[PDB]
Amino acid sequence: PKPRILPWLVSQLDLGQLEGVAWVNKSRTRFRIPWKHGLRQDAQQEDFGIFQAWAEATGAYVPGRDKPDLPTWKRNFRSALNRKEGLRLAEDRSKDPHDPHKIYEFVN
């Protein structure tokens, strides 16, 4: 059937399984996504969990079959979101030293 990204993303947000990935508003319209830049030493694949989740979810990534590739999972997650109408990028807290991340918000 293949998941559509917005409904899928919203579900992850509601379940709140991944960390650094949740609703940052009680009305539910703004949300955070970890985004530790790739070159940083403290950066593991645990910091690309949503990106990885999406890849596993769409069949792109299958642990065992393909080597894990972090940059691709991220560029893929990002491009999918950009084209999505009714959803804009708010603040770019990506290079932020302690808690690097981004908040997306649904608009009309």
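All residue numbers refer to positions in the sequence shown, first residue = 1.
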property	result
Greater mean Cα temperature factor according to the PDB record, 42-50 or 55-63	42-50
Options 78, 83, 28, 36 - largest CA temperature factor per the record	28
Residue 15, C-alpha B-factor rank within chain (lowest, middle or highest third)	highest
Record-listed C-alpha B factor of residue 107: chain third	highest
